[PDB]
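What follows is one structure encoded as structure tokens, with my remarks underneath.
Computed from the coordinates by the stated procedures, all read-outs in this text should not be read as laboratory data. Here Cβ is always computed from backbone atoms with ideal geometry, including for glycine, and neighbour counts include all displayed protein chains.
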Amino acid sequence: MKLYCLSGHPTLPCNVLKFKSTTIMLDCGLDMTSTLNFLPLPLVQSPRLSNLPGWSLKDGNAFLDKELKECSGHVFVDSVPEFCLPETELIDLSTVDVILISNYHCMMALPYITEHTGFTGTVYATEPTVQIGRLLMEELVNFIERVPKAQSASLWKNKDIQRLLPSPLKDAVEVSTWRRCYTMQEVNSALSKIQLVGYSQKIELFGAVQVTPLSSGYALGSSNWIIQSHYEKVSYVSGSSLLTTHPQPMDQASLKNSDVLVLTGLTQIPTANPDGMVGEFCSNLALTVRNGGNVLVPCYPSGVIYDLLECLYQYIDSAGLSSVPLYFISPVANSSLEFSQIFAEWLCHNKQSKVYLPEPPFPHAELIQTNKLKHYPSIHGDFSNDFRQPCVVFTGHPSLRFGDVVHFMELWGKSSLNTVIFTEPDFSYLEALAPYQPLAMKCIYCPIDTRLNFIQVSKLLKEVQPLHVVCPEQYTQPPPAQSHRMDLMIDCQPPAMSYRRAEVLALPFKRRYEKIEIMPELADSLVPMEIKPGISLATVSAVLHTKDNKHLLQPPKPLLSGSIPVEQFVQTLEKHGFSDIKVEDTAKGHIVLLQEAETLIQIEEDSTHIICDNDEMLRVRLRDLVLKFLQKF
Amino acid sequence: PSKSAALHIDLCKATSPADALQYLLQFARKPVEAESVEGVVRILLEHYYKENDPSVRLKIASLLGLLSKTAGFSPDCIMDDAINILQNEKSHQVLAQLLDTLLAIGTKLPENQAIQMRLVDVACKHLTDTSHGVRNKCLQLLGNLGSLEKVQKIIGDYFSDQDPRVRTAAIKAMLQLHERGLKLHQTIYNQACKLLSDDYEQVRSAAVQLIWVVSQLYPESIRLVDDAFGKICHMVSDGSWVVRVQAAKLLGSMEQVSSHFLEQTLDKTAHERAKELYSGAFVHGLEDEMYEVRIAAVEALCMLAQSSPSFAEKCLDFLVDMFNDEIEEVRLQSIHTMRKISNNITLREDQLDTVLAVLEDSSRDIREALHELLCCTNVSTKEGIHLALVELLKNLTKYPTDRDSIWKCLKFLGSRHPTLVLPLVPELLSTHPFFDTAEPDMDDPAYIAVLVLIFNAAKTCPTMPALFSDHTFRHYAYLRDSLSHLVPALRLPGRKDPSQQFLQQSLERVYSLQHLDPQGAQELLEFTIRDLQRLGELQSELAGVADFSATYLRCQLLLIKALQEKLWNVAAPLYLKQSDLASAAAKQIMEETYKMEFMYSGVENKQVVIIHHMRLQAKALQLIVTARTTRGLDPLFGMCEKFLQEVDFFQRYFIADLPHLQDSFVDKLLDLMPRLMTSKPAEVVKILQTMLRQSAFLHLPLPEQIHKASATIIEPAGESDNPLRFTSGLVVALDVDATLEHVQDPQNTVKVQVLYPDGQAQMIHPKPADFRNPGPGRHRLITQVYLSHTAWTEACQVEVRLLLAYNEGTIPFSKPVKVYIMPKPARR
């Protein structure tokens, strides 16, 4: 069973597994870290972004001052932001049968694969995952659009120049395969190729395999996949979170008893304590608002935002800051809020009960009804009229490379009272903020993560006891941040064989048994017989019918095994009618002579030879006499 | 070279999963060979193919397939691939890549027999796999390899094989066989009869297509097309929703069918109950899960209703009832299908129901569609016309914005059947027998609405002007004067290329008159320029060529006026500016060259070379003036070298048409070029001066019909004194709406420019999606422009303009508009 890893990212995997006569791809991860290398996409051109000085090739042969620009002694490319892709050329994706989705973050890259390659297979995902994915892709398309930055810097992409270019540009990967953002017609085609699935729905593929999504708990609708035939198990776990959260609690029960366990999407900041760091969030926000500045907060309009909003809802009354309003600005803010409200069956038990007691499960509905929190499509329009200060503004894109956050933060950077508070842990906020540096704005880094940490990983591995474990090489090797620490690298027995970007692996498994069904008529017809204690066997004879890779047997050459004792041979010959049979012994066998037809039989260990005259009736009589002194196989 | 280096590097690395993968990814990612070295690269790859870990071999085969698209390879690659496949039977993936490569080779170029499509097909057939290795791919391979117009046996057995995926592969191969004809046999019909009931998805989805395609060929089973149609009918209720789309579309496409059986689809009713009061496949298909299948159903119904002149009357109720579907798309499709089948159809009682819908909230599309339907419907009863009239009047009085369509629908409703309205004439317009009715207001758009009906009806019936009252005659004259596309001419007693030649004449006169004093030349050019502008304004179809030639002559006049300046009569060191108008003349002439080259639509190579020669002329003039003013030998030499480089670039680039450029400035300059290269710039400038003095005037060839681009900013109007207000630092979105006429590649050129008061100009590229194309060469631009700035004490003016870019520089081609902006500072 061959496993292909087509994305070196430790959190946004793309894994093509092969099983029986089927090929299954898991996840379509869009490494949106690569976008960091490009300049921001302003909503309105600002002089400082416009007039940035040009980095120059030291040789000067190439005219790279136009492509590259430098700020704070650093270098950035200058074009429309870009995105890295999974390496699609390892295997023709067109031969891929089924695609599975883990979570809205892991399905971000879906259109590229679903449309361009000619993929004709089906796609599976949970209802909230597909909806919120259609929301995020809409947001991304809108952000990249709305200010088409036509420029296309391509000379820098060359490998030879890339070698000379300074860091981090030296650090780019597969710079060649980068592709511009997709469009809405592709998005619609992708989302229309999808088909839905609920939790624990046992989807059978051609009878060839059986796939099941199980509650993960990371976010609202994230699913850990389980692929099984009747005698195997491959558990693909991507982004679970056993902490106490709003999504449906993680179910480890079915995970145990797994042949192969693919593990992905561990935490990003292992040392981060979610609860204490949310406390730091609230304290810092309160202090800044009391100082009277303005607070900016980048965050995807989903996921962690809702937990953050519950915490803020409970904490605001603690300091009595009712005066300061919360603005939530994004082209999908309203839709995301309503979709979070409707999905009750997927939330935690507490919230499902809050629904059974008629009331909207989340409290941000109560916030909106109270008018403390106001959601707006984008800064242009009504928000401009209804602005206030001081305030707390939830922007759209935490990549800091585009959206409404870039404009707000070019607006507020000059001041020092104002503060930007990072929460989404997916991007190195240092590189994120590099282009805007210098900045008087106080920068606070409190990155909230909820994915399982290494200790819980060890617990789960011991609880499930897998036959094999497969994880990214980043986990196996200790993080570069703390080479000293040992808890920061995964541990298992046998050791988790690792992998890297664009790698091919062969699982240490062999196909031995598979499932086939007998039919009752033949079952009744068959008569078991025993040779050993507790072992009853019977020779079989039938015709197989195969449908949809499912096999069945119905009624329409076995051989011999076992020595024939000469004493019983002669006894049964005499009691059946034979006479004048004389037996002599040899070193290891017996020679028995029957006078009729002059039949001589030599019986040795695992050897019996009969020699008679040209006879047919007596020959067949001897055949049926001797064959019935053993067990037929 | 590159291929050899890659092969050497791969051999040296020899890393199992690392070196091979990296080399393959780099080779595929970077680029194709783009040369005959593809064969050598393929040989090298096949050399290393003898290894382990068939993943590397699969990647190599993928690279070979990608390279095969270059069309360079032919029989060598085919033979090599055949040899490799003959012994590379290992697992399924390797055979998969090999089959894919073979398919690529076969359909890439050869498309021929003689071991170009026959040997490969035979090899694939003989290479039938045991377990899903290639089965589907070899099926599609033989599908794209059409043997001849004589193969179906093998697929016949494969239809009932193990895997539904392979069944789909066989079905698609069959489709590929049909699309090239191949006169499929009849037995496939009976074979696919069971395929219909395959109890798995993705199988029936195309089995339906197969049954349709075979059936439509010839209707002879016992009834064949009727049987297939019955099968499709019994299937229309498939469990899925994906199948039903094909089910509906295919039966719609079908056209010939037994009449008696056709109505059995619609036979079940409250509809017949209503009919008496006044006096199953589709029955279920019309009301289904999601609107896609409803759309497919209505389309199929319209198609086959068109096909069969009968069966329409049976379907009018089934259409009309399905108006309040709640899906605007289904609404529109129902209206459209009713229109498309509106012929020889009667609405004895359906009139009121189909007209009740005319009152929608705005539903501008729906109401317009209803008007379109009415203008093409048919009614038979006088009370029907009266009823339609009264509901139309209610429509007009409630939605006084589409009267412009109400009138046209009434016009057609009259012309279609005039005699029906004649009895209404006394009643509809008040004509109290012995009272002189007070003139109803002439412009009231209900009286005009009811008059246009009568007048359009009056073309046919001669007797009715007798019924016409006193006013109606002068009112008819007024209408026929105002709305000439609604009321035709009647019998009422009360109302019983010199331009182009002249343009050529003037242009050739200017051409001819060149042997005379520059004083006279200036006046001649001025007369003819104002002449041409006048003619361009007068005409509209010549507005392009007229203005084009006008700008050209203006360019020449500017050059002559610059040359005849007083500057040349004073020594070089005495140059003192404030008189050297040539300085601005050069910039103006160059800008005009840009304008003429880019803005106009239809331009030929001859005209382009004329323009580029004139641009070179302007460059020479600029050089001469600059040298006149500057004495520095080094700057002089630099500029002279640049100019000579420009001349050389011109002559190389437009190597052609130089013989046509007789006795031209460029012609004589090039003829005398070498000595100019040898000489010092100080004398080169004087040579250029005299050269221009004695230079001739080229003859510009007039083109075929052309136009000059033109933009008109409609929104924002800009005359609204009310400022747009917003908090400081934030942004306000200004809707920009424009019409661009006669522009090539609008999306890659037009750009919106915003000039703020403080002197800063921001350029905005609109999205490629902002440009709608209602008609020929007349695009609409709709977009948002984002404005922002710190707080202003009072309202200011932000200027919006449309620019045209070229490949460097920009040309305004539109009237700037002003928008009032007011950023107030932040609140509490």
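Of the residues making up region B:772-786, those that are assigned to a strand (DSSP E or B) and either away from chain A (no Cβ under 13 Å) or of a type in the set (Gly, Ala, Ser) (or both) are B:772, B:773, B:774, B:775, B:778, B:779, B:780, B:781, B:782.
Scanning region A:530-545 finds one or more residues that are within 14 Å of chain B (Cβ to nearest Cβ) and aliphatic (A, V, I, L, M).
Would you confirm, using the coordinates I've provided, whether residue B:176 is within 37 Å of the chain's Cα centre (by Cα), under 30 Å from residue B:137 (Cβ atoms) and either not in a helix (DSSP H, G or I) or not aromatic (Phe, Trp, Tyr) (or both)? Yes: the conditions hold for residue B:176. Screening B:614, B:596 for residues that are touching a helix residue (DSSP H, G or I) at 6+ places or on another chain (Cβ under 6 Å), part of a helix (DSSP H, G or I) and over 25 Å from residue B:677 (Cα atoms) leaves exactly one candidate, B:596.
Taken over region A:25-67, residues that are over 30 Å from residue A:121 (Cβ atoms), among the aliphatic types (A, V, I, L, M) and part of a loop (DSSP other than H, G, I, E, B) amount to 8.
Number of residues in region A:2-23 that are of a type outside the set (D, E, K, R) and within 14 Å of chain B (Cβ to nearest Cβ): the value is 12.
Only one entry of B:245, B:225, B:257, B:208 meets the criterion of being within 14 Å of chain A (Cβ to nearest Cβ) and not aromatic (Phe, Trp, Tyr), and that entry is B:245.
Filtering B:721, B:735 for residues that are within 14 Å of chain A (Cβ to nearest Cβ) and exposed (fewer than 13 other Cβ atoms within 10 Å of the Cβ) leaves a single hit, B:735.
When each of A:133, A:207 is tested for being more than 14 Å from chain B (Cβ to nearest Cβ), among the small types (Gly, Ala, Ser), out of contact with any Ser or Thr (no Cβ under 8 Å at 6 or more places or on another chain) and surrounded by 17 or more Cβ atoms within 10 Å (Cβ to Cβ), the lone residue that passes is A:133. Within region A:184-198, identify whether any single residue is away from chain B (no Cβ under 14 Å) and touching a strand residue (DSSP E or B) at 6+ places or on another chain (Cβ under 6 Å), and answer yes or no. Yes, there is a match, as at least one residue in region A:184-198 is away from chain B (no Cβ under 14 Å) and touching a strand residue (DSSP E or B) at 6+ places or on another chain (Cβ under 6 Å).
Of the candidates B:405, B:362, the single residue that is in contact with an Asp or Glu (Cβ under 9 Å, 6 or more places away or on another chain) and of a type in the set (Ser, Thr, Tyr) is B:405.
If the condition is being surrounded by 11 or more Cβ atoms within 10 Å (Cβ to Cβ), in a strand (DSSP E or B) and of a type in the set (D, E, K, R), then region A:570-614 contributes only A:604.
This table checks each residue for (1) buried (at least 16 other Cβ atoms within 10 Å of the Cβ); (2) basic (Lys, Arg); (3) away from chain A (no Cβ under 14 Å); (4) within 30 Å of residue A:323 (Cα to Cα).
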| site | (1), (2), (3), (4) |
| --- | --- |
| B:794 | no, no, yes, no |
| B:805 | no, no, no, no |
| B:817 | yes, no, yes, no |
| B:824 | no, yes, no, yes |
| B:827 | no, yes, no, yes |
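Checked against the criteria, residue B:160 does not count as part of a helix (DSSP H, G or I) and within 14 Å of chain A (Cβ to nearest Cβ).
When region B:462-486 is filtered for residues that are in contact with a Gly (Cβ under 8 Å, 6 or more places away or on another chain) and closer than 17 Å to residue B:421 by Cβ, only B:476 remains. Inside region B:402-448, residues that are surrounded by 12 or more Cβ atoms within 10 Å (Cβ to Cβ), assigned to a loop (DSSP other than H, G, I, E, B) and hydroxyl-bearing (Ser, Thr, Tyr) make up a count of 2.
Restricting attention to region B:67-95, the residues being more than 45 Å from the chain's Cα centre (by Cα) and among the basic types (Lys, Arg) number 1. Inspect all residues belonging to region A:480-500 and state whether any of them is away from chain B (no Cβ under 14 Å), closer than 27 Å to residue A:268 by Cβ and among the hydroxyl-bearing types (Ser, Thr, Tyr). Scanning region A:480-500, I find at least one residue that is away from chain B (no Cβ under 14 Å), closer than 27 Å to residue A:268 by Cβ and among the hydroxyl-bearing types (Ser, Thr, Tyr), so the answer is yes. Among the residues of region A:544-559, some residue qualifies, meaning at least one is under 19 Å from residue A:625 (Cβ atoms) and either among the charged types (D, E, K, R) or surrounded by fewer than 13 Cβ atoms within 10 Å (Cβ to Cβ) (or both). Looking only at residues in region A:341-382 that are more than 23 Å from residue A:219 (Cα to Cα) and polar (S, T, N, Q), which one is surrounded by the most Cβ atoms within 10 Å (Cβ to Cβ)? For region A:341-382, the residue satisfying everything is A:378. Of the helices (runs of 4 or more DSSP H) lying entirely inside region B:1-103, not one contains at least 1 residues that are more than 29 Å from residue A:86 (Cα to Cα), within 14 Å of another protein chain (Cβ to nearest Cβ) and touching a strand residue (DSSP E or B) at 6+ places or on another chain (Cβ under 6 Å).
One line per residue, one yes/no per condition, for (1) part of a helix (DSSP H, G or I); (2) aromatic (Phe, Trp, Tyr); (3) closer than 30 Å to residue A:13 by Cβ:
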{"site": "A:230", "(1), (2), (3)": "no, no, yes"}
{"site": "A:245", "(1), (2), (3)": "no, no, yes"}
{"site": "A:262", "(1), (2), (3)": "no, no, yes"}
{"site": "A:266", "(1), (2), (3)": "no, no, yes"}
{"site": "A:282", "(1), (2), (3)": "yes, no, no"}
{"site": "A:321", "(1), (2), (3)": "no, no, no"}
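For residue B:813, the stated conditions hold: it is within 24 Å of residue B:544 (Cα to Cα), aromatic (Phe, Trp, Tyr), away from every other protein chain (no Cβ under 14 Å) and surrounded by 14 or more Cβ atoms within 10 Å (Cβ to Cβ).
In a helix (DSSP H, G or I) and of a type in the set (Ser, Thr, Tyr), is that true of residue A:104? Spelling it out, it is not the case that residue A:104 is in a helix (DSSP H, G or I) and of a type in the set (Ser, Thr, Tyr). Here residue B:748 clears all of (1) within 12 Å of chain A (Cβ to nearest Cβ); (2) assigned to a loop (DSSP other than H, G, I, E, B); (3) not aliphatic (A, V, I, L, M) except the condition numbered (2).
Collect the residues in region B:639-671 that are polar (S, T, N, Q) and in a helix (DSSP H, G or I), keeping them in residue-number order. The answer is B:645, B:651. Scanning region B:322-336 for residues that are exposed (fewer than 15 other Cβ atoms within 10 Å of the Cβ) and either under 23 Å from residue B:346 (Cα atoms) or aromatic (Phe, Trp, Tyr) (or both) yields a single hit, B:324. Within region A:519-537, residues that are among the small types (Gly, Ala, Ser) have Cβ atoms under 9 Å from residues that are surrounded by 10 or more Cβ atoms within 10 Å (Cβ to Cβ) in these pairs: A:525/A:555; A:536/A:529; A:536/A:530, counting only partners at least 6 apart in sequence or on another chain. Does residue B:533 satisfy being surrounded by fewer than 18 Cβ atoms within 10 Å (Cβ to Cβ) and part of a helix (DSSP H, G or I)? Yes, satisfied. Looking only at residues in region B:787-813 that are in a loop (DSSP other than H, G, I, E, B) and within 33 Å of the chain's Cα centre (by Cα), the one that is nearest to residue B:720 (Cα to Cα) is B:813.
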